[PDB]
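K.L.:
So that we are looking at the same thing, I have put the structure below in structure tokens.
Note that we place each Cβ from the backbone using ideal geometry, even for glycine, and neighbour counts take in every protein chain shown. Laboratory data are not the source of any read-out in this text; all were calculated from the coordinates shown.
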Amino acid sequence: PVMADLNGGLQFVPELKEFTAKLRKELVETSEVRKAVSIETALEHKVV
Amino acid sequence: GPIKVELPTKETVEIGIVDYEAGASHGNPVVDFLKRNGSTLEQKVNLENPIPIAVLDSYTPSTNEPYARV
């Protein structure tokens, strides 16, 4: 019986779950910060 | 104006300023932003129901010279 590993080297990163969580958190926070800042800049411009 | 932070002792201490300056504009964006995001602190607090004290009758004087001269 054979064990093919097609994992792409994913096993070698340490703490893959926490790393993936931090990647998603970073991308999510960047998206929300940019969205909120854009909306508030738009509202300030419209008010002015 | 001054921006202050609330301390653990419920004491507001200045940690920054609001300093907005603009020429021709249709409004103040600072107040709009603060209304939309924050909450207004009203110093006056209404009771659950008003408490009537009394209905009183006063009279305007026949002449206004006594008040005018004083």
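K.L.:
Assess whether B:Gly23 counts as being surrounded by 10 or more Cβ atoms within 10 Å (Cβ to Cβ) and not hydroxyl-bearing (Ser, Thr, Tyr). Show your work before the answer.
P.N.:
Numbers: surrounded by 10 or more Cβ atoms within 10 Å (Cβ to Cβ): no; not hydroxyl-bearing (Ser, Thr, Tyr): yes.
For B:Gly23, the condition - surrounded by 10 or more Cβ atoms within 10 Å (Cβ to Cβ) and not hydroxyl-bearing (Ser, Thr, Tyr) - is not met.
K.L.:
A further question on this structure: Would you call B:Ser25 among the small types (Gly, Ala, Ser) and more than 14 Å from chain A (Cβ to nearest Cβ)?
P.N.:
So B:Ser25 fails the test.
K.L.:
Let me ask another. Is it true that A:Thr41 is within 14 Å of another protein chain (Cβ to nearest Cβ) and part of a helix (DSSP H, G or I)?
P.N.:
Working: within 14 Å of another protein chain (Cβ to nearest Cβ): yes; part of a helix (DSSP H, G or I): yes.
Answer is yes for this residue.
K.L.:
Taking the condition of being part of a loop (DSSP other than H, G, I, E, B) and under 20 Å from B:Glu6 (Cα atoms), how many residues in segment B:20-41 meet it?
P.N.:
Just the residues of segment B:20-41 that are part of a loop (DSSP other than H, G, I, E, B), to begin with: B:20-28, B:38-41.
Remaining after also requiring under 20 Å from B:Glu6 (Cα atoms): B:38-41.
Residues that pass the stated criteria total 4.
K.L.:
Which of the residues belonging to segment B:16-50 are under 19 Å from A:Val37 (Cα atoms), of a type outside the set (A, V, I, L, M) and under 20 Å from the mean Cα position of the chain (by Cα)?
P.N.:
Selection gives B:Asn28, B:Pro29, B:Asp32, B:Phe33, B:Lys35, B:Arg36, B:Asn37, B:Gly38.
K.L.:
Do you know which residues across chain A are exposed (fewer than 10 other Cβ atoms within 10 Å of the Cβ) and of a type in the set (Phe, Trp, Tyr)?
P.N.:
Within chain A, A:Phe12 is the sole residue that qualifies.
K.L.:
When you go through (1) under 22 Å from the mean Cα position of the chain (by Cα); (2) β-branched (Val, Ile, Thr); (3) in a loop (DSSP other than H, G, I, E, B) one by one for B:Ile53, which number turns out not to apply?
P.N.:
It fails just one condition, (1).
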